[PDB]
Amino acid sequence: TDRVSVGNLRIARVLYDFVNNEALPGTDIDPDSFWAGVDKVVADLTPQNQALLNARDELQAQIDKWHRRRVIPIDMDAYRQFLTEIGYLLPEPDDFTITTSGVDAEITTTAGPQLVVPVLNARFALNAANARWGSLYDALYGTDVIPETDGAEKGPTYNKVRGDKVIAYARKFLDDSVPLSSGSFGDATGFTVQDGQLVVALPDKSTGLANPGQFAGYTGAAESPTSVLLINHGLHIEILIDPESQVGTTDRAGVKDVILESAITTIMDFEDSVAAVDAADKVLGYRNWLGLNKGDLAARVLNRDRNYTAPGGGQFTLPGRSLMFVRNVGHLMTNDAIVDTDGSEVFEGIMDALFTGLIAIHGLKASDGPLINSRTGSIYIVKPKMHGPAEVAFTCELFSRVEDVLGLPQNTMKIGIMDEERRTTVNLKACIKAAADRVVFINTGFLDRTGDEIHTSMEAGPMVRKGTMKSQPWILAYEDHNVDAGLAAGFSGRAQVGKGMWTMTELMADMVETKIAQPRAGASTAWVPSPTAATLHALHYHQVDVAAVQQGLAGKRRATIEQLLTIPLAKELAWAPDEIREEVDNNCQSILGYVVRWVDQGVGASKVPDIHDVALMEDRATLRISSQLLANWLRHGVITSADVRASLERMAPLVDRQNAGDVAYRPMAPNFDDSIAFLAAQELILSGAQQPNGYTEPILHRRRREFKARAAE
Ligand SMILES: O=C(/C=N/O)Nc1ccccc1Br
Ligand SMILES: [Mg+2]
Ligand SMILES: [Mg+2]
Ligand SMILES: [Mg+2]
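Reading the sequence shown from the start, the letters are residues 2 to 73, 75 to 301, 312 to 380, 383 to 727 in PDB author numbering.
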């Protein structure tokens with residue numbers, strides 16, 4: 002066929018050529034040696050990869066059977083002893099501190115937003131990489147953070163009343179963040195630098211900063227600067243001065259904009275936010291990841317670092333780019349980009365580590383300017399969907415082997431651990447320990463975690479509704495426990511403690527109001543879906559001193575094993591019939607809305623309107639939750655298969671309507687069983703209870719491959 006033979010492997014030609022012609026040159030790795038390494042690593046580690054997956058299934062079968070033989075509110079003591087007997091719940095290791103070294107300041111020290119985007123989308127990826135600095139005025143004027151009340155609405159052209167509120171909001175932020183010795187930024191008439199100090203002119207007098215150490219730099223003439231640079235909680239704030247701009251001309255000090263350092267780090271995602279089901283899809287992804295690391299990805313282009321004058325008069329530079337992670341896929345899936353002699357597909361996680369690692373070498377050297387990514391010499395890989403410490407140890411050993419193939423020093427490849435599976439949650443300390451010399455973050459992937467919570471306890475009884483899950487005891491303990499485990503392993507000053515994604519892309523007023531809870535909880539980072547959201551979330555890190563919060567949480571134990579293990583079962587007679595229908599409609603709409611873009615267009619993340627037409631930006635995990643929740647309700651007789659059918663039928667034309675204005679869209683209604691997308695949605699629900707750990711990829715990949723093959727002829 003069209004495959005290349007390397008030992009026991011048969012590699013898709015498009016992948017082979019991409020790696021030879023694009024990825025390898027410039028790395029000084031012998032191509033022959035790389036490919037022999039691919040074959041050897043695959044041969045050596047494939048058996049334990051499979052053994053790990055079989056172990057998952059064996060644990061789940063035992064738990065399924067534990068619930069099925071029980072009639073009695076759970077006896078927690080018994081349930082725990084049981085989880086311990088079967089090896090689900092492992093002993094907690096002794097106290098230790100992580101030793102991870104060679105890590106950039108953005109990760110060890112800086113608290114701020116972390117932006118996650120689909121690596122298949124070059125535009126979004128480039129915009130994300132450039133999102134290290136963002137316009138606060140654009141983010142305020144462009145969103146509902148400033149209410150679109152009467153008089154202040156957005157029109158075809160600039161609205162002065164709204165622009166003045168934007169200005170006012172920012173002046174208030176400045177007062178909160180970098181206070182003057184007296185007076186307010188609201189009344190400033192000019193900025194100058196005198197004797198290395200910022201001098202702010204007010205109408206009656208002049209003043210300096212209450213804390214002059216927050217003055218970081220400036221641009222232009224000291225006596226008439228074009229910008230002033232400030233710093234607060236490790237994050238930079240830049241005031242752009244330009245009275246001959248449309249906004250500056252209206253401004254009392256001629257201020258044009260306030261630029262915030264926003265997306266400090268970015269995760270280029272090969273997993274839940276993309277649809278990649280074969281060699282062609284992987285290659286598009288890998289090529290974008292290459293372009294980012296070489297610095298030559300073009301839609312526009314990547315930003316250079318930013319030049320400043322130091323307060324005393326010297327020159328310095330700040331990074332213009334978000335420091336990049338890459339999120340590889342997890343342990344489950346195989347991909348036909350490589351098959352062995354028997355025709356069996358190779359594990360995709362093993363592939364990603366080899367290829368994303370190889371590609372990452374370019375980000376460690378000069379872009380044909384300075385090197386794009388890690389100055390300290392690390393490669394930052396996020397590893398999702400791991401269950402427990404043996405799976406973390408496997409990932410570390412995988413990275414160890416790749417480092418040898420690639421000629422990198424041991425521990426170059428760092429690991430961002432997603433805590434998004436129950437067996438990792440209740441063994442978190444051991445998971446950190448297994449990666450104690452590689453770990454650069456832990457992060458509560460709460461959506462996947464919810465899916466796994468449902469599947470794990472599928473046989474226990476009917477679960478609460480989807481929108482109820484976020485406030486359940488188990489998840490709130492899970493969030494606290496994650497922070498506690500990180501801090502106790504010495505993450506403060508060493509590694510990020512991260513929390514999850516804000517998915518409501520149009521609800522920015524709400525994000526600003528509520529997401530402050532995450533750095534208040536000691537999270538040094540949290541996820542956002544867009545550069546705009548990164549800029550707004552940045553506000554929270556100026557309001558909250560994360561380093562102090564973490565110092566104050568030290569030694570505390572806020573969650574017990576019992577709370578972590580509290581299954582979210584619905585109480586007796588929880589729902590009226592209309593509330594049941596509403597939940598069914600909600601979940602069917604969520605599934606259909608997501609799956610139609612996934613199967614038909616190969617889109618894994620996008621702005622999808624929900625049932626109430628709220629715009630959501632979720633990844634594949636939302637599908638895992640909804641499919642598992644409906645499977646769980648069907649399993650326990652809350653709804654019937656005809657209820658499911660009827661809701662899918664009702665929701666499909668609505669999804670069809672919601673996708674008007676999509677050039678390539680093809681309706682699901684009314685020819686339902688003509689639509690592969692529709693059949694996928696149905697299959698995800700009806701086979702949901704039988705998917706390993708509730709995972710949606712096996713069905714989703716098959717259906718997308720089916721769609722591609724039909725579209726070919
Ligand atoms: O937050 C998550 C969690 N993943 O484990 N992923 C994500 C990535 C891009 C847009 C929306 C989402 Br939710
Ligand atoms: Mg996830
Ligand atoms: Mg409920
Ligand atoms: Mg402070």
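Note that CB positions come from ideal geometry on N, CA and C, so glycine has one too.
I'd like to confirm the pairing. Which residues does DSSP put opposite residue i in its beta bridges?
{"i": "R57", "result": "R57 pairs with nothing; no bridge assigned."}
{"i": "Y220", "result": "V230 and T321"}
{"i": "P120", "result": "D271"}
{"i": "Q510", "result": "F455"}
{"i": "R4", "result": "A13"}
{"i": "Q49", "result": "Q49 is not bridged to any residue."}
{"i": "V419", "result": "Answer is none; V419 lacks a bridge partner."}
{"i": "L182", "result": "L211"}
{"i": "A378", "result": "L385"}
{"i": "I261", "result": "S137 and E240"}
Residue i lies in the alpha helix (DSSP H); which residues open and close that run?
{"i": "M432", "result": "Careful: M432 lies outside any alpha helix (DSSP H), inside the beta strand (DSSP E) at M427 to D433."}
{"i": "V677", "result": "No alpha helix (DSSP H) holds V677; DSSP gives it neither H nor E."}
{"i": "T438", "result": "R436 to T439"}
{"i": "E576", "result": "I575 to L578"}
{"i": "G465", "result": "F460 to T470"}
{"i": "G293", "result": "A281 to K296"}
{"i": "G566", "result": "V560 to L567"}
{"i": "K443", "result": "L442 to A448"}
{"i": "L550", "result": "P545 to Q557"}
{"i": "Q532", "result": "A531 to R534"}
Going by C-alpha to C-alpha distance, which of the options sits closest to residue i?
{"i": "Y160", "options": "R717, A190, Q248 and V7", "result": "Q248"}
{"i": "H551", "options": "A502, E263 and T151", "result": "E263"}
{"i": "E225", "options": "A218, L211, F193 and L231", "result": "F193"}
{"i": "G332", "options": "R339, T102, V313 and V677", "result": "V313"}
{"i": "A131", "options": "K722, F98 and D317", "result": "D317"}
{"i": "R572", "options": "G616, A562, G512 and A502", "result": "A502"}
{"i": "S641", "options": "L668, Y320 and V609", "result": "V609"}
{"i": "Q672", "options": "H626, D33, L643 and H68", "result": "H626"}
{"i": "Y143", "options": "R11, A127, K162 and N129", "result": "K162"}
{"i": "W291", "options": "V20, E467 and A37", "result": "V20"}
{"i": "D33", "options": "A278, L54 and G8", "result": "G8"}
{"i": "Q424", "options": "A674, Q61, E411 and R436", "result": "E411"}
{"i": "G702", "options": "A561, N646, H238 and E357", "result": "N646"}
{"i": "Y90", "options": "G188, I76, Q61 and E108", "result": "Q61"}
{"i": "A203", "options": "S275, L182, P591 and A218", "result": "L182"}
{"i": "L606", "options": "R659, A474 and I581", "result": "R659"}
{"i": "residue 728", "options": "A154, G114 and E711", "result": "What is shown of the chain runs 2 to 727, which leaves residue 728 out entirely."}
{"i": "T101", "options": "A448, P684 and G566", "result": "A448"}
{"i": "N22", "options": "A265, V511, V285 and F217", "result": "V285"}
With respect to the beta strand (DSSP E) encompassing residue i, which residues constitute its N-terminal and C-terminal limits?
{"i": "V202", "result": "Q199 to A203"}
{"i": "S137", "result": "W135 to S137"}
{"i": "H238", "result": "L237 to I243"}
{"i": "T346", "result": "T346 to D352"}
{"i": "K397", "result": "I393 to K397"}
{"i": "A540", "result": "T539 to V542"}
{"i": "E357", "result": "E357 to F359"}
{"i": "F328", "result": "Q327 to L330"}
{"i": "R339", "result": "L335 to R339"}
{"i": "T194", "result": "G192 to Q196"}
{"i": "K570", "result": "Counting along the chain, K570 falls outside any beta strand (DSSP E), and DSSP gives it neither H nor E."}
{"i": "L314", "result": "That residue, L314, is in no beta strand (DSSP E); it is neither H nor E in DSSP."}
Hey, is residue i close to ligand 6, as in C-beta under 7 angstroms from one of its heavy atoms?
{"i": "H235", "result": "Questions concerning ligand 6 fall outside what the structure shown contains, since the ligands it does hold are ligand 1, ligand 2, ligand 3 and ligand 4."}
The segment 592 to 601 touching the segment 474 to 482, judged by at least three CB pairs closer than 8 angstroms | Contact between the segment 592 to 601 and the segment 474 to 482 is present, because at least three Cβ pairs lie under 8 angstroms.
In chain order, each alpha helix (DSSP H) run of at least 4 residues that lies wholly inside the segment 584 to 649 = Runs of the alpha helix (DSSP H) inside the segment 584 to 649: 591 to 615 and 635 to 649.
What are the uninterrupted segments assigned as beta strand (DSSP E) that are 3 or more residues long and contained completely in the segment 76 to 155, given in chain order?
-> Correct list: 116 to 120 and 135 to 137.
Enumerated in chain order, which unbroken segments of the beta strand (DSSP E) with a length of 3 residues or greater are wholly contained in the segment 474 to 524?
-> Fully enclosed beta strand (DSSP E) runs of 3 or longer: 510 to 513.
Would you check if the segment 322 to 336 and the segment 39 to 58 touch, i.e. whether three or more CB-CB distances between them fall below 8 angstroms?
-> Not touching, per the Cβ criterion.
Report the residue ranges of all alpha helix (DSSP H) runs contained in full by the segment 658 to 716; include only those spanning at least 4 residues, in chain order.
-> Entirely contained in the segment 658 to 716, the alpha helix (DSSP H) runs reaching 4 residues are, in chain order, 690 to 700.
At least three beta-carbon pairs within less than 8 angstroms, the segment 111 to 128 to the segment 533 to 548 = Touching, yes, given that three or more Cβ pairs across the two stretches are closer than 8 angstroms.
Given 8 angstroms as the limit, is there contact between the segment 499 to 514 and the segment 663 to 680, that is, 3 or more CB pairs closer than that?
-> Because the criterion of three Cβ pairs below 8 angstroms is not met, the segment 499 to 514 and the segment 663 to 680 do not touch.
Taking 8 angstroms as the threshold, find out whether the segment 360 to 367 comes into contact with the segment 237 to 244 through three or more Cβ pairs.
-> In short, these stretches do not touch, since the Cβ pair count stays below three.
Take every Cβ of the segment 107 to 122, pair it with every Cβ of the segment 529 to 539, and state whether three or more of those distances are shorter than 8 angstroms.
-> Short answer: they touch.
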